[PDB]
Amino acid sequence: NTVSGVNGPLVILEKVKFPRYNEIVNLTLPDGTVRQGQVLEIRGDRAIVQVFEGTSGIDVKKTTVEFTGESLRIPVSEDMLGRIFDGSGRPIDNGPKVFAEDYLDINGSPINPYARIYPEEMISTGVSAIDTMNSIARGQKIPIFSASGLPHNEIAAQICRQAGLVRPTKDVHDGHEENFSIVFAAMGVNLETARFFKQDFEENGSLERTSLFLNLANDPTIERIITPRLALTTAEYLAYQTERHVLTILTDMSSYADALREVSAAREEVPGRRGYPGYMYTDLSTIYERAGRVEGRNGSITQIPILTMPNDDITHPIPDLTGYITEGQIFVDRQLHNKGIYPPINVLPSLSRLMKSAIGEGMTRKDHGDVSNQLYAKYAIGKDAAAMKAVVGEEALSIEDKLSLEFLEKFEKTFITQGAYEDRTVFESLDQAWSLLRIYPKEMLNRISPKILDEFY
Amino acid sequence: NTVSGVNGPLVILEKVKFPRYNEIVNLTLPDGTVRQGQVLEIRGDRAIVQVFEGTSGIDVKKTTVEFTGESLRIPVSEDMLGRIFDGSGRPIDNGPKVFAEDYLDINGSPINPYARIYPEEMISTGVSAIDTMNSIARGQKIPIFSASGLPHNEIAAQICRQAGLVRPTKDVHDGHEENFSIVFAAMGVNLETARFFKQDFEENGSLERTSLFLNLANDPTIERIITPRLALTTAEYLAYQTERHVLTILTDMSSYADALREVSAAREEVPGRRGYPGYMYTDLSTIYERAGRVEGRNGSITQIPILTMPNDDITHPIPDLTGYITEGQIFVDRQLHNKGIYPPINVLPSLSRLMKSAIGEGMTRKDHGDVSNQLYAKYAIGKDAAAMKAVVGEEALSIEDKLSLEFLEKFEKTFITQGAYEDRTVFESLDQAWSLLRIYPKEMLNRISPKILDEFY
Amino acid sequence: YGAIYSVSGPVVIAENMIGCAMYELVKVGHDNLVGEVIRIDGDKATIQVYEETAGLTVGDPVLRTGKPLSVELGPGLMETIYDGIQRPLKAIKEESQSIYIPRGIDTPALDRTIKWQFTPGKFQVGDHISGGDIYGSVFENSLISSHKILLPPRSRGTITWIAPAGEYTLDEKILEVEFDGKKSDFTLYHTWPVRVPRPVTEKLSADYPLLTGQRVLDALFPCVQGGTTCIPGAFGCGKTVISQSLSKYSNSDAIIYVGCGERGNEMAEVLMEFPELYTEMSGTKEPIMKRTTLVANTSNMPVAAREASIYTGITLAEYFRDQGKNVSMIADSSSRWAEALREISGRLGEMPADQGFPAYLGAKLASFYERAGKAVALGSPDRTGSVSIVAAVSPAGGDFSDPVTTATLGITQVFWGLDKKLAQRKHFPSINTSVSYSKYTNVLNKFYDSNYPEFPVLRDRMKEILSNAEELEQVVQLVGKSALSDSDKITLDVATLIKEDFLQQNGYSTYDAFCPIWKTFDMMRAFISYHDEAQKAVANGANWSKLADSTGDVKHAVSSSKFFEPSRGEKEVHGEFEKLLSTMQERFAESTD
Amino acid sequence: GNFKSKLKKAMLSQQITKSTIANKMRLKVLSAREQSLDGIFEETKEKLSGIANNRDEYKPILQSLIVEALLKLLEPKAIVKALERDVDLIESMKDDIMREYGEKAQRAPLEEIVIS
Amino acid sequence: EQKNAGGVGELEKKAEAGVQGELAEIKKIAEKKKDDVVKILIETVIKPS
Amino acid sequence: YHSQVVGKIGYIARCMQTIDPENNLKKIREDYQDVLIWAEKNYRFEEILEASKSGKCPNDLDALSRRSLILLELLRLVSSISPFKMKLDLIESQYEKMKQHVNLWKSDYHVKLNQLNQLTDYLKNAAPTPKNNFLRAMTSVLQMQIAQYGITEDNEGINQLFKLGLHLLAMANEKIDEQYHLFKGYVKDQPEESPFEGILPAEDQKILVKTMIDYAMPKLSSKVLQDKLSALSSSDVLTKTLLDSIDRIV
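Chains as they are written, first to last, in the authors' numbering: chain F, 29 to 485; chain B, 29 to 485; chain A, 25 to 283, 738 to 1071; chain G, 60 to 175; chain H, 58 to 106; chain f, 18 to 267.
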């Protein structure tokens, strides 16, 4: 019928109960503009839907209604790589056509193609600290945890720009058996960050194999929160259709959490703690639910989201709830970035739950896990020995604190230092990590096997 | 004529929609006592208004209703001095009426007179440390921050009683060439403090130049929150219509904040963090919007609000919201008041952001700016020397810590020490600070000019 | 149109909603008070009022303006002070005789007391037109016109009638557009919503090499037009002197000053202090007031003007960027608009959030920084425009760790600190390299280095020399000066002279508020060459007193070269700094042998 | 070192132009696919407009279109707005549209057709 | 650097040589097979969708 | 989207037809023939937007913005050089040289045309002073040298005249000694004998020599210097021998 009222971003219009849940509807205004949305709430003689175009300026009695009768679906095809589109899936940003040979509806999963085995193949990004300390798999997800004041766009642009040169060397090692794709979806970012990421992607040479999703803060939050589901659905449809491991970057997580956390006071739902709604765990788990092995046993989906904290505190629901759903995370310390080591991602709180399944005997060294665990324990022991040695001084410094601080300074200034385009292998990083870890004594090292210690010091 | 019910301080009465918002209404009960109030809201045959005298004791189907037909306004005149009034513009002396000549609104701004001139032509009010180190002028505001450990009501009554006596000595120095008036506002005070402040102000001979507004702690919150609007409109009408410098003192801010936090218990509005309402910035901005230099500046409207913290915590928006709008802040220490000094104000944390603009040539001293910085540096060096004197001892103390420690103890009981019925100007405070600063040598004095330092040693 | 149904608190409810949108602003009652319908519930509309609701009874008429709440773009914008709701204080001072907006008084959005001469551009009768194209020219000042008359965005058609040259008012029409019959009448003033971003041709990265008039700020980091940077403040701790000195010392075509939640004391000092200053653009016609746009809203005003003040200033800066000119937008501060959004949300009935801030402040903070930027100008001409956003940060919750400064620091890519001891030392600004950072110096040093720059090598060695001298000052203070190396005393001596000559600036003369890039690059190259020659001479065997006493008039002459005129080499190059390399090389060769 | 840095910058610019050519080729391919889809849609829209001009053969498609559009309303009174050349066809088939609409809807059958 | 910036017509010549004759078979196949989808699309408009 | 491309095509065809009314830009109109074909036939804007949305016309806003900016810079370069019009082959070679550079925000021709348009725009509302007359003669000589030598070739006289015009525009009304010394040094540093012959009028050259003759005339209290300097005021043409003879006497 007509629109009853409007509260916040969602519009409460009155109509019949013929539409279903997630049914596409069109609202006609008297100014010559049409707005499309999805029915999020259906009731008797009234409905509550969120429009993807605009958040204000809706008529009450001078508006018309039109029923589409089709559910909300994203058109995915095998030619989406090499095009620019908006957050609503429209070709208005000077990109390719939005046509697709296939159309599948979304309700949380396209076919529910979850993996039923552990990931064996390991994907290298070109960083000795990131790939060495966190063995990323073909289905495992590892997000980057940063703060307000750190170059997260340079780390994500360096990780995305590293794909294209380390992948041909890693393909010969049996780490990958197909072509790689990239899915970039921007939400709540500036024009300089999207132009710098598109300039780095065009300068790297992956413009025809990557996807461009541009979402700004001036657009609606429903289209910004719906853009990562369409980008992950198009990346999962391209990875399932082509049998190629696709890497998806979801940045920023604070804009997607702020989009769902924005409509929490203009509805009949009771929000949770910190102002966010109580259903944020299902929305955050919905992005991680579309990751893992794909159908066919030749394709997988990689999740590498960028999370920026809006307060710089580690006790938050976005970092704890987002990091609790994924397997591990990569934390960026301000102390490492303030000294000058690039990148500032430290391996102290970083870890990988599937690091043992990602490493094998044909694509990585067998002693990489013992040197990674001994280097991870020696990094925290060197940080605690440097922190105790800084306060204590040189009057009560232990003998192991000098070798731990020397190995922490040499490992932080040797293994942590790396260029934005310099390629590095895990075999040379393990050989340099064995020589850097060889300064410790044999009695101190007790977290490794005796055959690996006798074979290499 | 038909009272629906009563919930808290607001009464819900059933009447017609012909009365406007903020209109005066007369509630006639069957006991024989008529009470007036203001309509808080008008609707379609429903409204909730707050009674000025009492909130309970009326019938539901036996009382009568009547509308006066006039908005809430207090008559402003030049004969308001020398009498005692209430928080609603009613005299409690049992004498003559107001007899005003102009209609000024009390719930809003009549004309909103605020000139765009800078702060200048500073005048003193009776405080040596307050007017010396953080002396404000006409147009700028400076609040007083206290806690629950000192007589802040007696400090506001002594600060209001000390005003008016500096105009004769300041008139010869070209600091005041017009009639001076004081605005006294009391909210949440007792009869003993109001009678002691009225007898103390009448004993010194300042009752004929200031206005007395006494508000009890057993009245409605609408009269206590609307009590400073009559003083602000009386000071703006006397300063603009008479061209005279008027000082406005509003105490206490904790009673107005508790009365504002107690309101809105039956409406759609909810309070913010810490139990207080989220519209306190608009409430403080409404009282701050009726003070300052009017268009055509001949007089001045000075606002000196006294705020007392009930817990002494910095996690409340009362001191941060009041101090954020003003330029500067004054703090009071309980250790200075516990020793016996009156007033026990401290010049170490207190600072003025517009002290150089308020002082000039012809209405203030020349060395008052360097004398306040030298007294503040000598007070900070005396506090550091007094704190280091306990650890260093008496036989191992430095000469600078003992010389600054003697200047801190002598300056704490000489400069900050004042009389309750004595008025000390800034010229006598600068001469008293010059005697405390005369103990230091000429080589150890480098915060003043050589001509002013040689002439005034 | 509508009737007043009920009034509860500061928000008035009006019924008879038969098509009124929830984005258009209307005036309720006969007083024409400012208000806007934030939401609608059935037939009755909920409108928030930013003023006193005294005198409004049940049954008052409600008339909508017919468009959303935005600012008007027309000629005669310089040398005028208005509010965020299009309220001129000059008409209120003439008619009402006050400064603050009074209840029951309404003024026009554009001043109808001053008229400008409109000239025809390159559009003839029957020529094609589009949105953003230059249709003509309008005089905005008595010396030079900068107000470019353009069509509204998202429109096109054919110019059927073109008016001739002459002076006309803003209310009268001067042009008519024909698109699908009689489209509408066109005038000098145009409408634009404050909550809608202005369109453009294409957005790009901020790489425009434009200076802002800061010698120490431009020397420490390369200034670009179109970037995002935040500056910390303390409510009058030195941010007003840096904003007034940056706006007065700036050499851009336009300047945008936005006062959202100021106390009112700096607004009169900025307006009265702006005409007394002398601009550096070759003109004396009140260039500080006429060359800048002043929008000042105090704390005793409505929250709609203070919240929409940054949107109106960003919309005017977007219109000036769309006209084909680079403008600098300086707004102080976002804490008053963030507190006004929570104050309007609490009175309207919105739910709370973390730290007492609303949920829309995160999207509005990203949309505010995303609204400004450098890109191609919209229209057929395709001109170059840029908008530099300079927003001040302050506490609004009881500390500096609020979500406004935290989200603004993470959203922005440049940070500029401000020390209180440096502000007390008469140094403006007092930011250091260890408390600030910027990632856009690669593009500004790439283009400015592309013209004739030496800013990269002197800037990296200057930042490393200041960071080494700042760490060496604590070791020289604690440990002493009888056990350190001789290179640390030369690095601290060069850092003290570079920080004293570069950081020390309070607008003492015309040469201290406007320095060229070649003079700062030669001044930093002379200090870097003097520090490198002193370290190379001390490394080969020499005394510190022999080099310090051997310099003599060169060190005092190098510090006193900033008070002279910059026309030494051709018109902007310093000729004394070029000859100092031969004396430094002769003193370094004489000190070694 | 400086020559290696300039060679790296040229090696990035060459990949930038190589990405730009690959963008232009996909722009041309989309520029052909849009003309193909528009060429199919123009033939479909002309094939519908050719059969739309009939008078004695457009009543069964208009009755099935009004009966199909009547199922999304569920009202006993509906107004049919059409062109000036189709009001006589709906007026001469209003009983067939009400009889055909009543057979597929027993919750709310149409009573009268309103020709605006 | 002069071997990858010479001439502004190399990007159009490099893209016209890639698909300049192959587009006539893709457009000829769609224009030839357009009648098979035009009959079903024209027949679907005359029936209840 | 489509309205900006239709407005860029109509403004490109109207700007191309308004730029040259003789139809001599066959090289510039050859690349813009696909946009001028829609402007040479009667068609509405809705047909161009519907034809561009269906893939039947150009819809590249990035190429139309750069071509519209290059056409606006080429039209502003020809319009800013009035009335010293350049050749069609020099405008075609300058259009090919500007078309051969992808950067449209870092080129010297756009900043030179912007500085020449600002220097010529600053002389419109300026009074008849000596710095405005010397800056007007330097802007006329810079317009003649810019029309003769183009904008696609670097010249020392164009950069020296642009730096002297920017330095003269940057001055004030209290630096007449520095403007007269800069005009004497710029006139003495010119390689040609007369830089104002056939460009400026005789009254502007006689007022320019009369400004230096009247300025140097009251500065000397000698009757021989005033009598010898008074005879040089009857020269209607400005030359380096008059400035050297006036500088030799003073």
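Where is the CB? At the ideal position from N, CA and C, for every residue including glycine.
#### Entry: Interface flag, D860/A vs chain F, CB-CB below 7 Å
Reading the third sequence from its first residue, position 382 is the one you call residue 860/A. False, the Cβ-Cβ gap to chain F never drops below 7 Å.
### Cβ-based burial, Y485/F [other Cβ within 10 Å; buried from 16]
As a first step, residue 485/F is located in the first sequence; it is residue number 457 there, counting from the start. Label assigned to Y485/F: exposed.
### Query
Can you list, in chain order, the residues of the region 802-834 of chain A whose Cβ is nearer than 7 Å to any Cβ on chain F?
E828, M829, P830, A831 and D832
### Query
In chain order, what residues of the same chain have a beta carbon less than 6 Å from the beta carbon of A128/B, not counting five sequence neighbours either side?
Taking the second sequence and counting its residues from 1, one reaches residue 128/B at position 100. So the list reads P103, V104 and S105, once near-sequence residues are dropped.
### Task
Examine the Cβ distances between the region 208-216 of chain B and the region 384-404 of chain B and report whether three or more of them are shorter than 8 Å.
no
### Query
Counting contacts by CB-CB distance shorter than 7 Å, is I788/A in contact with chain f?
For the purposes of this step, residue 788/A is taken as the residue at position 310 of the third sequence. False, the Cβ-Cβ gap to chain f never drops below 7 Å.
### Query
What residues from chain F crowd round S845/A, counting only those whose CB sits closer than 7 Å?
On the third sequence, position 367 is the one that residue 845/A refers to. What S845/A touches in chain F: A245 and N246.
### Task
Provide the residue(s) that pair with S916/A in DSSP beta bridges, ordered along the chain.
In the third sequence, residue 916/A corresponds to position 438, counting from 1. DSSP output for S916/A lists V892/A as bridge partner(s).
### Query
For the region 78-91 of chain G, which residues have a CB atom closer than 7 Å to at least one CB atom of chain H, in sequence order?
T79, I80, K83, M84, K87, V88 and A91
### Task
Ignore the nearest five residues each way along the sequence and tell me which others in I76/F's own chain have a CB closer than 7 Å to its CB.
As a position in the first sequence, residue 76/F is number 48, starting the count at 1. Correct list, in chain order: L38, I40, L68 and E69.
### Task
Please decide whether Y29/A counts as near chain B, where near means a Cβ-Cβ distance under 7 Å.
Taking the first residue of the third sequence as 1, we reach residue 29/A at position 5. True, the Cβ-Cβ gap to chain B drops below 7 Å.
### Task
Starting from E182/F, trace the alpha helix (DSSP H) both ways and give me its first and last residue.
Numbered from 1 along the first sequence, position 154 holds the residue referred to as residue 182/F. Segment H180 to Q190, the alpha helix (DSSP H) holding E182/F.
### For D209/A, the three-state DSSP class (helix, strand or coil)
Here residue 209/A refers to the residue found at position 185 of the third sequence. Reduced to three states, the DSSP call for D209/A is strand.
### Message
Please report the distance separating the alpha-carbon of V913/A from that of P256/A.
### Response
Your numbering for residue 913/A matches position 435 in the third sequence. Your numbering for residue 256/A matches position 232 in the third sequence. Rounded to whole angstroms, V913/A to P256/A spans 11 Å at the Cα level.
### Task
Would you verify that the beta carbon of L107/G is, or is not, closer than 7 Å to some beta carbon of chain H?
Here residue 107/G is taken as the residue at index 48 of the fourth sequence, counted from 1. Yes, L107/G lies at the interface with chain H (some Cβ there is under 7 Å from its Cβ).
### Message
Cutting at 8 Å between CB atoms, please list the residues of its own chain near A1004/A, excluding the five before and the five after it.
### Response
For the purposes of this step, residue 1004/A is taken as the residue at position 526 of the third sequence. So the qualifying residues of the chain are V1036, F1055, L1058, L1059 and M1062.
#### Entry: Completely contained beta strand (DSSP E) runs for the region 264-345 of chain B, where each covers 3 or more residues
273-279 and 329-336
### Query
Going straight from the alpha carbon of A408/F to that of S283/F, what length do you get?
Sequence index remark: in the first sequence, residue 408/F carries index 380 (1-based). Sequence index remark: in the first sequence, residue 283/F carries index 255 (1-based). So the two alpha carbons sit approximately 33 Å from each other.
### Message
Looking at the strands, I want to know which residues DSSP matches up with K43/f.
### Response
As a working mapping, residue 43/f is identified with position 26 in the sixth sequence. The partner list for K43/f (beta bridge, DSSP) is empty, contrary to what the question assumes.
### Query
For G840/A, which residues from the same chain have a beta carbon less than 7 Å from its beta carbon, with the 5 sequence-adjacent residues on both sides left out?
Mapped onto the third sequence, residue 840/A falls at position 362. Answer for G840/A: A885, listed in chain order.
### Task
With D130/F as the anchor, note down where its alpha helix (DSSP H) starts and where it stops.
Working through the first sequence from its first residue, we reach residue 130/F at position 102. Counting along the chain, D130/F falls outside any alpha helix (DSSP H), though it belongs to the beta strand (DSSP E) covering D130 to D133.
### Query
With a cut-off of 7 Å, does the C-beta of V773/A fall near any C-beta of chain D?
Protein chains F, B, A, G, H and f are contained in the structure displayed, whereas chain D is not.
### Residue-level contact to chain G via CB, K71/H, 7 Å cutoff
Numbered from 1 along the fifth sequence, position 14 holds the residue referred to as residue 71/H. Yes - at least one Cβ of chain G is within 7 Å of the one on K71/H.
### Query
Can you tell me where the beta strand (DSSP E) with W185/A in it begins and where it stops?
Against the third sequence, residue 185/A aligns to sequence position 161. Per DSSP, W185/A belongs to the beta strand (DSSP E) from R180 to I186.
### Task
Below 7 Å CB to CB, which residues in the same chain sit around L755/A once its five sequence neighbours on both sides are set aside?
Translated into positions along the third sequence, residue 755/A becomes position 277. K272 and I766.
### Task
Using a threshold of 7 Å, state whether the C-beta atoms of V95/A and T253/A are closer than that.
In the third sequence, residue 95/A corresponds to position 71, counting from 1. In the third sequence, residue 253/A corresponds to position 229, counting from 1. No, the pair does not count as a contact, with Cβ atoms beyond the cut-off.
### Message
Nearer than 6 Å: is that true of the beta carbon of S32/F relative to any heavy atom of the ligand SAM?
### Response
The ligand SAM is absent from the structure shown, which contains no ligand whatsoever.
### Task
State yes or no: is the beta carbon of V248/A nearer than 7 Å to at least one beta carbon in chain f?
Here residue 248/A corresponds to residue number 224 of the third sequence, with the count starting at 1. No, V248/A does not count as interfacial toward chain f.
### Task
Find out if the Cβ-Cβ distance for the pair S229/A, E231/F is shorter than 7 Å.
Taking the first residue of the third sequence as 1, we reach residue 229/A at position 205. Taking the first residue of the first sequence as 1, we reach residue 231/F at position 203. In this structure, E231/F does not lie closer than 7 Å to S229/A by Cβ.
### Query
DSSP state of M472/B, grouped into three classes?
Within the second sequence, residue 472/B is the residue found at index 444, counting from 1. In the structure shown, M472/B sits in coil (DSSP, three-state: anything other than H, G, I, E or B).
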